[PDB]
Amino acid sequence: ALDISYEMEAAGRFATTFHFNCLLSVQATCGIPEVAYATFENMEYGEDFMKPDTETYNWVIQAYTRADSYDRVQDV
Amino acid sequence: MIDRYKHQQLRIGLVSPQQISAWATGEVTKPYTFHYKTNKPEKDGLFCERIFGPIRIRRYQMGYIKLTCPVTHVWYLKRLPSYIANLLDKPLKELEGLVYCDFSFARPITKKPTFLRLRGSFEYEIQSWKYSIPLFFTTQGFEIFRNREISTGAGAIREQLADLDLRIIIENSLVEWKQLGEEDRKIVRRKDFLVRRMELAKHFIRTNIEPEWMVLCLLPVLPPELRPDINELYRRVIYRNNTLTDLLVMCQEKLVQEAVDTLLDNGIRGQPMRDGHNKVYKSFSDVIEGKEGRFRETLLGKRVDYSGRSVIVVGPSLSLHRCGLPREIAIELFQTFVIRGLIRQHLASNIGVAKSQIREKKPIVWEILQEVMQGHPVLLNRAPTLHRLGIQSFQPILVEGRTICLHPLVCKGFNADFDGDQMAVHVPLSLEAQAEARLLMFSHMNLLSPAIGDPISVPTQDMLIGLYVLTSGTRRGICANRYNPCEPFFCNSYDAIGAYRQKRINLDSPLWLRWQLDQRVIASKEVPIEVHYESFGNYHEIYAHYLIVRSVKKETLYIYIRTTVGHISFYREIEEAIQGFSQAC
Amino acid sequence: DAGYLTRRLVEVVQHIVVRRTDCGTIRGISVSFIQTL
RNA sequence: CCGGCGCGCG
DNA sequence: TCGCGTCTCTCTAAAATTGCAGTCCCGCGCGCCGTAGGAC
DNA sequence: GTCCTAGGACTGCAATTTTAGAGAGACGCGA
Ligand SMILES: [Mg+2]
């Protein structure tokens, strides 16, 4: 999915909130909140069509609350 | 745009004795370093070939020292505030006395039953505990249950840390903090200790760190190739540990602990222990910390290959993007490229023959050096690099002598003058580095200073005086004529400069120049001094610096500029520079 | 002293890099000299 | 191919 | 027959010094001197 | 000769060093 999204953006079609949410649906279960947070930071400080929605916030929150170690109450 | 995500991390952490063994697996048991006669690594010693590897792996293979008694880590006990003291919730004095003096701790462990009313840290030895209890309880069983009600040294500390219930610590600290709050200097400091204790206990729960690792059971041994002072401290640990196991007494237990503390961190116990020369030892903390330590000297700055140095001399004939390199520096820096150039055109059989040819200074070596230096930039750098313009990239050319030729207009950025200054030269090797140097660091794209945006390569001193004298106009008024007054006319600027060349006029002699462009002469916004109106229609308007002829019959308009050869020369120089650059592209 | 001052100055902001085109902020410092604007 | 001490240059 | 300031400590709340810890431009060149101590 | 041979200067900060605040158990004098 990441390779295809990179190729699609290379072809001239930029990723929107839909593709980013699709990517986040898998990153949120990796056990490392930093991957999902990097994707969220990419979305939040980007263009209008990449802006996060409720699903994006839910994915990042789920990634943070189900972390393997360290505390994440401040991040949430 | 999807960001090219890169998730790289590094984490420090307190190590476990099992991981120390995994590093070593390999235990150093003897304090011998090398054979006095055969100069061979002593077996089981600090340089043992079996433990560390054959005489690359000797730079990375670790060992360990099996301490008979556990020794506390100095960083976590003696550094202020003490982490062990805070986690155990006891004053530092009593812990230090337990570790350094002949003090025994009452009730060190809890998860096993006891039968005695011994609490606190009794400084004096218990008279009954010396004979009565051991003699009634014999020796084997008494020693079996000995280390459960009374203990001493770092072993008691490790036992206290191992059985600590962190969640109970957090709850007790929180409830005590609430009690203190619900009730003024150390009424707050006790609160601050409580807050510090729950935050310290919280971090242990979420990590894999164990608080008992703060007291060492094994001592990792640095690889030999990293210690070809530290070796002397390692012998002492073996010197006093091997003595201790021979006994198996309290004094030798303290001696081992002091050996480890000195090895780990000296200058922390007040008086730092010295060697036989009355010189303070250097510990691992000393070699990793400080301006001369590993972080600030070996990692933040490096010495590099393909670099040179020489004295700087001025070259006014150089271009703004060029520098002069000494022949020896150039042949040293570009040695591999000269070898490739020699081999490529079949003038060298192999690498050795090419190197021999270079060493003999053959006349054909310089042709290949000159060929390969074309298009390959270099980086110059003066010593006190105060801003980014302290290192710049130039196109090297071969100059005679032993000095580096530097452009005069780039000296201000380097803060360089030609009274003894020197510079370092670096050669970018890979294609990416060469592209970076050519497209980002050359002086012709770095004409502005990043601090505020002023130009940095502005003419200074001699050039400034030359321009000032050139553009200093005519002598005027009483400085031009002795008496109250009750000049050549040139068709074009070329005629005026030609007359100047033939010594017909001076540099500052006034002249009238026919102007065939728009009025573009900077002058005071003033009306004409005199208007000479003719009855035929033509009128002449005389200004301070030009004369304009107009007519009412026609639309003609003639302009004559009163100036000197210097102003014309400055204008022509800039105009010709622009036109030549435009034509050359 | 300046060398020590420069090291501390660079250290505190060494990690600041232009990484986004627009953070999306709406706040703005109010100004009422020319070289600043 | 390791560190100290002294003297210097920019 | 107790009651009263109170003798003699008594234990801790709250500043008041006070002894460490930390740090104190960059880059070059040259020379000298180590590596000691003691029963043979 | 020697061959193995074992003492600035400034800031920061927790740590004493009191100063103090109250204060009480047993009490010698006393109502
Ligand atoms: Mg100079």
# chains A, B, ... in the order shown; residues from 1 in each chain; ligands from 1
>>> residues_near_ligand(ligand="ligand 1", cutoff="12 Å", atoms="only C-alpha atoms (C1' of nucleotides) and all ligand atoms", output="PyMOL selection string")
(chain B and resi 311-313+382-384+411-412+414-423) or (chain D and resi 9-10)
>>> interface_residues(of="chain B", to="chain C", cutoff="12 Å", atoms="only C-alpha atoms", output="number ranges by chain")
B: 1-3, 291, 296, 384-387, 452-453
>>> write_last_selection(atoms="N, CA and C atoms", output="PDB file, in the first residue's frame")
ATOM      1  N   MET B   1       1.816  15.324  -0.975  1.00  0.00           N
ATOM      2  CA  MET B   1       3.127  14.760  -0.666  1.00  0.00           C
ATOM      3  C   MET B   1       3.129  13.913   0.596  1.00  0.00           C
ATOM      4  N   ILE B   2       3.462  12.639   0.434  1.00  0.00           N
ATOM      5  CA  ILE B   2       3.647  11.732   1.558  1.00  0.00           C
ATOM      6  C   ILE B   2       5.114  11.783   1.958  1.00  0.00           C
ATOM      7  N   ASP B   3       5.375  12.105   3.220  1.00  0.00           N
ATOM      8  CA  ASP B   3       6.748  12.234   3.685  1.00  0.00           C
ATOM      9  C   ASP B   3       7.464  10.891   3.633  1.00  0.00           C
ATOM     10  N   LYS B 291      35.243  18.627  27.867  1.00  0.00           N
ATOM     11  CA  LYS B 291      35.529  19.153  26.536  1.00  0.00           C
ATOM     12  C   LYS B 291      36.469  18.240  25.761  1.00  0.00           C
ATOM     13  N   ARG B 296      32.644  15.324  22.962  1.00  0.00           N
ATOM     14  CA  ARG B 296      32.936  16.647  22.425  1.00  0.00           C
ATOM     15  C   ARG B 296      34.231  16.718  21.627  1.00  0.00           C
ATOM     16  N   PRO B 384      39.316  30.085  12.625  1.00  0.00           N
ATOM     17  CA  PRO B 384      38.130  30.385  13.455  1.00  0.00           C
ATOM     18  C   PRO B 384      36.853  30.534  12.629  1.00  0.00           C
ATOM     19  N   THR B 385      36.222  29.398  12.335  1.00  0.00           N
ATOM     20  CA  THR B 385      35.006  29.395  11.532  1.00  0.00           C
ATOM     21  C   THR B 385      33.842  29.966  12.330  1.00  0.00           C
ATOM     22  N   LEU B 386      33.598  31.267  12.189  1.00  0.00           N
ATOM     23  CA  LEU B 386      32.576  31.941  12.979  1.00  0.00           C
ATOM     24  C   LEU B 386      31.198  31.897  12.333  1.00  0.00           C
ATOM     25  N   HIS B 387      31.130  31.771  11.010  1.00  0.00           N
ATOM     26  CA  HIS B 387      29.868  31.602  10.303  1.00  0.00           C
ATOM     27  C   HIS B 387      30.098  30.635   9.150  1.00  0.00           C
ATOM     28  N   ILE B 452      22.140  39.416   8.060  1.00  0.00           N
ATOM     29  CA  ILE B 452      21.158  40.450   7.745  1.00  0.00           C
ATOM     30  C   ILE B 452      20.902  40.603   6.253  1.00  0.00           C
ATOM     31  N   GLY B 453      21.756  40.084   5.378  1.00  0.00           N
ATOM     32  CA  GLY B 453      21.551  40.197   3.951  1.00  0.00           C
ATOM     33  C   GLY B 453      22.414  41.208   3.232  1.00  0.00           C
TER      34      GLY B 453
END
>>> interface_residues(of="chain A", to="chain B", cutoff="12 Å", atoms="only C-alpha atoms", output="short mmCIF file (atom, residue, chain, number, x, y, z; two decimals) with N, CA, C and O atoms, in the first residue's frame")
data_model
loop_
_atom_site.label_atom_id
_atom_site.label_comp_id
_atom_site.auth_asym_id
_atom_site.auth_seq_id
_atom_site.Cartn_x
_atom_site.Cartn_y
_atom_site.Cartn_z
N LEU A 2 1.92 1.28 0.82
CA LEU A 2 2.80 2.44 0.84
C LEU A 2 3.53 2.60 -0.49
O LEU A 2 3.69 3.73 -0.98
N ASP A 3 3.99 1.50 -1.08
CA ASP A 3 4.65 1.59 -2.38
C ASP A 3 3.71 2.13 -3.45
O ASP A 3 4.09 2.98 -4.25
N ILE A 4 2.46 1.64 -3.46
CA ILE A 4 1.50 2.09 -4.45
C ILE A 4 1.13 3.55 -4.24
O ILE A 4 0.95 4.30 -5.20
N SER A 5 1.03 3.98 -2.98
CA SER A 5 0.75 5.39 -2.71
C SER A 5 1.90 6.28 -3.15
O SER A 5 1.68 7.36 -3.72
N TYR A 6 3.14 5.85 -2.91
CA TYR A 6 4.30 6.60 -3.40
C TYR A 6 4.29 6.70 -4.92
O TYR A 6 4.53 7.77 -5.48
N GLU A 7 4.00 5.58 -5.60
CA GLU A 7 3.96 5.60 -7.06
C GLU A 7 2.83 6.48 -7.57
O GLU A 7 2.99 7.18 -8.58
N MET A 8 1.68 6.45 -6.91
CA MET A 8 0.55 7.28 -7.32
C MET A 8 0.88 8.76 -7.16
O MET A 8 0.54 9.57 -8.03
N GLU A 9 1.54 9.13 -6.06
CA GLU A 9 1.94 10.52 -5.88
C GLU A 9 3.03 10.91 -6.88
O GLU A 9 3.09 12.08 -7.29
N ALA A 10 3.89 9.97 -7.27
CA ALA A 10 4.87 10.25 -8.31
C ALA A 10 4.19 10.48 -9.66
O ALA A 10 4.63 11.31 -10.45
N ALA A 11 3.11 9.74 -9.93
CA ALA A 11 2.39 9.88 -11.19
C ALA A 11 1.61 11.18 -11.28
O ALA A 11 1.12 11.51 -12.37
N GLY A 12 1.47 11.93 -10.19
CA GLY A 12 0.79 13.21 -10.21
C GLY A 12 -0.49 13.28 -9.40
O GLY A 12 -1.11 14.36 -9.35
N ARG A 13 -0.95 12.20 -8.76
CA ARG A 13 -2.15 12.23 -7.94
C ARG A 13 -1.73 12.20 -6.47
O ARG A 13 -1.22 11.19 -5.98
N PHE A 14 -1.95 13.32 -5.78
CA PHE A 14 -1.55 13.45 -4.39
C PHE A 14 -2.49 12.69 -3.47
O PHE A 14 -3.68 12.53 -3.75
N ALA A 15 -1.94 12.22 -2.36
CA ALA A 15 -2.73 11.47 -1.39
C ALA A 15 -3.65 12.39 -0.62
O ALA A 15 -3.28 13.51 -0.26
N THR A 16 -4.86 11.92 -0.37
CA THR A 16 -5.86 12.64 0.40
C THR A 16 -6.07 11.95 1.74
O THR A 16 -5.35 11.00 2.10
N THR A 17 -7.05 12.43 2.50
CA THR A 17 -7.32 11.87 3.82
C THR A 17 -7.74 10.40 3.73
O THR A 17 -7.52 9.64 4.68
N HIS A 19 -6.62 7.93 1.60
CA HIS A 19 -5.44 7.07 1.51
C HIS A 19 -4.66 7.09 2.82
O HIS A 19 -4.14 6.05 3.26
N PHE A 20 -4.55 8.26 3.44
CA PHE A 20 -3.83 8.37 4.71
C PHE A 20 -4.52 7.57 5.81
O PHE A 20 -3.86 6.92 6.62
N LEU A 23 -3.77 3.92 5.22
CA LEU A 23 -2.43 3.60 5.72
C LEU A 23 -2.41 3.54 7.25
O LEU A 23 -1.78 2.66 7.83
N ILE A 32 4.01 0.61 17.82
CA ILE A 32 4.90 1.76 17.91
C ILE A 32 4.10 3.01 17.55
O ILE A 32 3.80 3.25 16.38
N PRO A 33 3.73 3.83 18.54
CA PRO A 33 2.91 5.01 18.24
C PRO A 33 3.59 6.02 17.35
O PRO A 33 2.91 6.87 16.76
N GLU A 34 4.92 5.97 17.23
CA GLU A 34 5.64 7.01 16.49
C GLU A 34 5.38 6.93 14.99
O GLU A 34 5.40 7.95 14.32
N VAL A 35 5.12 5.73 14.45
CA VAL A 35 4.80 5.61 13.03
C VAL A 35 3.47 6.31 12.73
O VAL A 35 3.37 7.14 11.81
N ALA A 36 2.44 5.99 13.52
CA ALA A 36 1.15 6.63 13.34
C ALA A 36 1.23 8.13 13.59
O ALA A 36 0.57 8.91 12.91
N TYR A 37 2.06 8.54 14.55
CA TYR A 37 2.20 9.97 14.81
C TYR A 37 2.93 10.68 13.68
O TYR A 37 2.63 11.84 13.39
N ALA A 38 3.90 10.02 13.05
CA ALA A 38 4.56 10.61 11.89
C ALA A 38 3.57 10.80 10.75
O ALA A 38 3.55 11.85 10.09
N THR A 39 2.72 9.79 10.51
CA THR A 39 1.69 9.95 9.49
C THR A 39 0.72 11.07 9.85
O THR A 39 0.32 11.87 8.98
N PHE A 40 0.34 11.15 11.12
CA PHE A 40 -0.58 12.21 11.56
C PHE A 40 0.04 13.59 11.39
O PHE A 40 -0.64 14.54 11.01
N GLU A 41 1.33 13.72 11.71
CA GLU A 41 2.01 15.00 11.52
C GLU A 41 2.09 15.37 10.05
O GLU A 41 1.96 16.54 9.68
N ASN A 42 2.32 14.37 9.19
CA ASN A 42 2.27 14.61 7.75
C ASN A 42 0.91 15.15 7.34
O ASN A 42 0.82 16.09 6.54
N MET A 43 -0.16 14.57 7.88
CA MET A 43 -1.51 15.01 7.49
C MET A 43 -1.84 16.39 8.05
O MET A 43 -2.40 17.23 7.33
N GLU A 44 -1.51 16.64 9.31
CA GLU A 44 -2.01 17.82 10.01
C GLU A 44 -1.41 19.10 9.45
O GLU A 44 -2.12 20.10 9.28
N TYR A 45 -0.11 19.10 9.16
CA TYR A 45 0.58 20.28 8.65
C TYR A 45 0.75 20.23 7.13
O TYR A 45 1.76 20.72 6.61
N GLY A 46 -0.21 19.65 6.43
CA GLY A 46 -0.15 19.56 4.98
C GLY A 46 -1.21 20.39 4.30
O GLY A 46 -1.62 21.44 4.82
N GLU A 47 -1.67 19.94 3.14
CA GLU A 47 -2.66 20.68 2.37
C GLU A 47 -4.06 20.44 2.94
O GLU A 47 -4.25 19.69 3.90
N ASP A 48 -5.05 21.11 2.34
CA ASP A 48 -6.42 21.00 2.83
C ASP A 48 -6.98 19.60 2.63
O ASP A 48 -7.74 19.11 3.48
N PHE A 49 -6.65 18.95 1.52
CA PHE A 49 -7.19 17.63 1.23
C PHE A 49 -6.50 16.52 2.01
O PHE A 49 -6.98 15.38 1.99
N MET A 50 -5.40 16.82 2.70
CA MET A 50 -4.73 15.85 3.56
C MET A 50 -5.05 16.03 5.03
O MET A 50 -4.50 15.31 5.86
N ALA A 67 -0.04 1.21 23.30
CA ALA A 67 1.41 1.13 23.14
C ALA A 67 1.99 0.00 23.97
O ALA A 67 1.41 -0.45 24.96
N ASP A 68 3.16 -0.48 23.55
CA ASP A 68 3.80 -1.59 24.24
C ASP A 68 4.39 -1.17 25.58
O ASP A 68 4.22 -1.86 26.58
N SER A 69 5.09 -0.03 25.61
CA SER A 69 5.75 0.41 26.83
C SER A 69 5.69 1.93 26.91
O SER A 69 5.21 2.60 26.00
N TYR A 70 6.20 2.46 28.03
CA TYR A 70 6.19 3.89 28.36
C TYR A 70 4.76 4.41 28.52
O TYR A 70 3.80 3.76 28.08
N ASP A 71 4.61 5.57 29.14
CA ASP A 71 3.29 6.15 29.32
C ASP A 71 2.93 7.06 28.15
O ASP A 71 3.81 7.66 27.52
N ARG A 72 1.64 7.09 27.81
CA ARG A 72 1.15 7.87 26.68
C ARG A 72 -0.08 8.69 27.05
O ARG A 72 -0.81 9.12 26.15
#
>>> interface_residues(of="chain C", to="chain A", cutoff="10 Å", atoms="only C-alpha atoms", output="PDB file with C-alpha atoms, in the first residue's frame")
ATOM      1  CA  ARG C  19      10.110  21.071   7.556  1.00  0.00           C
ATOM      2  CA  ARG C  20       6.628  22.227   6.474  1.00  0.00           C
ATOM      3  CA  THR C  21       5.233  24.690   3.960  1.00  0.00           C
ATOM      4  CA  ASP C  22       2.518  25.982   6.311  1.00  0.00           C
ATOM      5  CA  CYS C  23       1.687  24.864   9.846  1.00  0.00           C
ATOM      6  CA  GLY C  24      -1.843  26.237   9.455  1.00  0.00           C
ATOM      7  CA  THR C  25      -1.653  28.780  12.272  1.00  0.00           C
TER       8      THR C  25
END
>>> residues_around(residues="residue F:20", least_positions_apart="3", cutoff="12 Å", atoms="only C-alpha atoms (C1' of nucleotides)", output="PyMOL selection string")
chain E and resi 12-15
>>> closest_atom_pairs(of="chain B", to="chain E", cutoff="12 Å", atoms="only C-alpha atoms (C1' of nucleotides)", output="Markdown table")
| residue | atom | partner | partner_atom | distance |
| --- | --- | --- | --- | --- |
| B:79 | CA | E:21 | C1' | 9.7 |
| B:80 | CA | E:21 | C1' | 9.2 |
| B:81 | CA | E:21 | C1' | 11.7 |
| B:184 | CA | E:14 | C1' | 6.3 |
| B:185 | CA | E:14 | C1' | 5.9 |
| B:186 | CA | E:14 | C1' | 7.4 |
| B:187 | CA | E:13 | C1' | 7.7 |
| B:188 | CA | E:14 | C1' | 11.0 |
| B:189 | CA | E:14 | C1' | 11.6 |
| B:190 | CA | E:13 | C1' | 11.8 |
| B:267 | CA | E:21 | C1' | 10.8 |
| B:268 | CA | E:20 | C1' | 9.3 |
| B:269 | CA | E:20 | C1' | 10.3 |
| B:270 | CA | E:20 | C1' | 8.5 |
| B:271 | CA | E:20 | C1' | 11.7 |
| B:275 | CA | E:36 | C1' | 11.4 |
| B:276 | CA | E:36 | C1' | 8.6 |
| B:277 | CA | E:36 | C1' | 8.7 |
| B:289 | CA | E:22 | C1' | 11.5 |
| B:290 | CA | E:23 | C1' | 9.4 |
| B:291 | CA | E:23 | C1' | 9.7 |
| B:301 | CA | E:26 | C1' | 11.8 |
| B:303 | CA | E:27 | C1' | 11.9 |
| B:308 | CA | E:28 | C1' | 11.7 |
| B:309 | CA | E:28 | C1' | 9.1 |
| B:310 | CA | E:28 | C1' | 10.1 |
| B:311 | CA | E:28 | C1' | 10.9 |
| B:381 | CA | E:27 | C1' | 9.7 |
| B:382 | CA | E:27 | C1' | 7.7 |
| B:383 | CA | E:27 | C1' | 4.2 |
| B:384 | CA | E:26 | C1' | 4.8 |
| B:385 | CA | E:26 | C1' | 7.2 |
| B:386 | CA | E:26 | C1' | 8.8 |
| B:390 | CA | E:26 | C1' | 11.8 |
| B:420 | CA | E:28 | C1' | 11.3 |
| B:421 | CA | E:28 | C1' | 9.8 |
| B:422 | CA | E:28 | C1' | 8.1 |
| B:423 | CA | E:27 | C1' | 9.2 |
| B:424 | CA | E:27 | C1' | 9.4 |
>>> atom_distance(atom1="atom CA of residue B:560", atom2="atom CA of residue B:575")
19.3 Å
>>> atom_distance(atom1="atom CA of residue B:176", atom2="atom CA of residue B:91")
17.3 Å
>>> residues_around(residues="residue D:2", least_positions_apart="4", cutoff="12 Å", atoms="only C-alpha atoms (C1' of nucleotides)", output="number ranges by chain")
B: 227-229; E: 34-35
>>> atom_distance(atom1="atom CA of residue B:162", atom2="atom CA of residue B:259")
24.1 Å
>>> interface_residues(of="chain C", to="chain E", cutoff="8 Å", atoms="only C-alpha atoms (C1' of nucleotides)", output="mmCIF file with N, CA and C atoms, in the first residue's frame")
data_model
loop_
_atom_site.group_PDB
_atom_site.id
_atom_site.type_symbol
_atom_site.label_atom_id
_atom_site.label_comp_id
_atom_site.auth_asym_id
_atom_site.auth_seq_id
_atom_site.Cartn_x
_atom_site.Cartn_y
_atom_site.Cartn_z
ATOM 1 N N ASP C 1 34.738 34.019 25.960
ATOM 2 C CA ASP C 1 33.345 34.192 26.351
ATOM 3 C C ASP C 1 32.396 34.095 25.163
ATOM 4 N N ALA C 2 32.736 34.739 24.045
ATOM 5 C CA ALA C 2 31.888 34.661 22.861
ATOM 6 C C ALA C 2 31.864 33.251 22.290
ATOM 7 N N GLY C 3 32.998 32.552 22.333
ATOM 8 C CA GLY C 3 33.019 31.172 21.876
ATOM 9 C C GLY C 3 32.119 30.276 22.702
ATOM 10 N N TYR C 4 32.140 30.451 24.024
ATOM 11 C CA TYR C 4 31.202 29.734 24.881
ATOM 12 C C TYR C 4 29.768 30.162 24.599
#
>>> select_by_dssp(residues="stretch 55-133 of chain B", states="helix (DSSP H, G or I)", output="PyMOL selection string")
chain B and resi 57-59+74-77+83-88+92-100+127-130+132-133
>>> residues_around(residues="residue E:32", least_positions_apart="5", cutoff="12 Å", atoms="only C-alpha atoms (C1' of nucleotides)", output="list in words")
residues 4, 5, 6 and 7 of chain D
>>> select_by_dssp(residues="stretch 316-429 of chain B", states="strand (DSSP E or B)", output="list in words")
residues 322, 323, 324, 325, 326, 378, 379, 380, 381, 391, 392, 393, 394, 395, 396, 397, 398, 399, 404, 405, 406, 422, 423, 424, 425 and 426 of chain B
>>> write_last_selection(atoms="N, CA and C atoms", output="short mmCIF file (atom, residue, chain, number, x, y, z; two decimals), in the first residue's frame")
data_model
loop_
_atom_site.label_atom_id
_atom_site.label_comp_id
_atom_site.auth_asym_id
_atom_site.auth_seq_id
_atom_site.Cartn_x
_atom_site.Cartn_y
_atom_site.Cartn_z
N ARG B 322 37.78 30.84 -8.33
CA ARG B 322 39.00 30.06 -8.49
C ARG B 322 39.95 30.29 -7.32
N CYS B 323 40.80 29.30 -7.08
CA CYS B 323 41.86 29.39 -6.09
C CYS B 323 43.11 28.73 -6.65
N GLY B 324 44.26 29.10 -6.09
CA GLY B 324 45.53 28.53 -6.49
C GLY B 324 46.01 27.50 -5.48
N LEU B 325 46.32 26.31 -5.98
CA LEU B 325 46.78 25.23 -5.13
C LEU B 325 48.26 24.96 -5.35
N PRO B 326 49.03 24.79 -4.28
CA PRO B 326 50.43 24.39 -4.44
C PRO B 326 50.53 23.02 -5.08
N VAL B 378 37.33 22.13 -4.62
CA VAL B 378 37.94 21.91 -3.32
C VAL B 378 37.30 22.88 -2.33
N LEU B 379 37.43 22.57 -1.05
CA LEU B 379 36.88 23.38 0.02
C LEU B 379 38.02 24.00 0.82
N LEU B 380 38.03 25.33 0.91
CA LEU B 380 38.98 26.05 1.73
C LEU B 380 38.33 26.42 3.05
N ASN B 381 39.15 26.56 4.09
CA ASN B 381 38.61 26.79 5.43
C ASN B 381 39.68 27.46 6.29
N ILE B 391 33.98 28.56 5.41
CA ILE B 391 34.43 27.52 4.49
C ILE B 391 33.69 27.72 3.17
N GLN B 392 34.44 27.77 2.07
CA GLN B 392 33.87 28.00 0.76
C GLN B 392 34.53 27.06 -0.24
N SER B 393 33.90 26.92 -1.40
CA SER B 393 34.36 26.03 -2.45
C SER B 393 34.88 26.83 -3.63
N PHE B 394 35.99 26.36 -4.21
CA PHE B 394 36.63 27.04 -5.32
C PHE B 394 37.09 26.01 -6.34
N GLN B 395 37.39 26.49 -7.54
CA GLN B 395 37.96 25.65 -8.58
C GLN B 395 39.48 25.73 -8.50
N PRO B 396 40.18 24.66 -8.15
CA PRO B 396 41.63 24.74 -7.98
C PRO B 396 42.36 24.79 -9.32
N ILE B 397 43.42 25.59 -9.35
CA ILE B 397 44.34 25.62 -10.48
C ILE B 397 45.75 25.48 -9.94
N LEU B 398 46.65 24.99 -10.78
CA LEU B 398 48.03 24.75 -10.37
C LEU B 398 48.82 26.05 -10.44
N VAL B 399 49.37 26.46 -9.31
CA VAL B 399 50.20 27.66 -9.23
C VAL B 399 51.58 27.26 -8.74
N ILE B 404 48.96 28.96 -1.07
CA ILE B 404 47.61 28.91 -1.62
C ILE B 404 47.23 30.31 -2.07
N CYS B 405 46.84 30.44 -3.34
CA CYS B 405 46.45 31.72 -3.91
C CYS B 405 44.96 31.93 -3.65
N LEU B 406 44.63 33.06 -3.03
CA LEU B 406 43.26 33.36 -2.62
C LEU B 406 42.79 34.66 -3.25
N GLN B 422 46.83 30.83 7.53
CA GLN B 422 46.88 29.58 6.79
C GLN B 422 45.46 29.06 6.60
N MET B 423 45.31 28.11 5.68
CA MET B 423 44.01 27.55 5.37
C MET B 423 44.13 26.05 5.15
N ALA B 424 43.03 25.34 5.39
CA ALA B 424 42.94 23.92 5.13
C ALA B 424 42.16 23.69 3.84
N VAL B 425 42.57 22.68 3.08
CA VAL B 425 41.95 22.33 1.81
C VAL B 425 41.38 20.92 1.92
N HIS B 426 40.17 20.73 1.41
CA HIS B 426 39.52 19.42 1.42
C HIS B 426 39.00 19.12 0.02
#
>>> interface_residues(of="chain F", to="chain B", cutoff="10 Å", atoms="only C-alpha atoms (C1' of nucleotides)", output="PyMOL selection string")
chain F and resi 4-5+13-14
>>> decode(residues="stretch 8-27 of chain A", atoms="C-alpha atoms", output="compact mmCIF listing (two decimals), in the first residue's frame")
# COMPACT_ATOMS: atom_id res chain seq x y z
CA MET A 8 0.55 7.28 -7.32
CA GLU A 9 1.94 10.52 -5.88
CA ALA A 10 4.87 10.25 -8.31
CA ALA A 11 2.39 9.88 -11.19
CA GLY A 12 0.79 13.21 -10.21
CA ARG A 13 -2.15 12.23 -7.94
CA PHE A 14 -1.55 13.45 -4.39
CA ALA A 15 -2.73 11.47 -1.39
CA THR A 16 -5.86 12.64 0.40
CA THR A 17 -7.32 11.87 3.82
CA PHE A 18 -8.79 8.61 2.48
CA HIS A 19 -5.44 7.07 1.51
CA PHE A 20 -3.83 8.37 4.71
CA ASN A 21 -6.59 6.80 6.82
CA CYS A 22 -6.16 3.53 4.93
CA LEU A 23 -2.43 3.60 5.72
CA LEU A 24 -3.11 4.54 9.36
CA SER A 25 -5.46 1.57 9.76
CA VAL A 26 -2.39 -0.71 9.72
CA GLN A 27 0.11 1.55 11.49
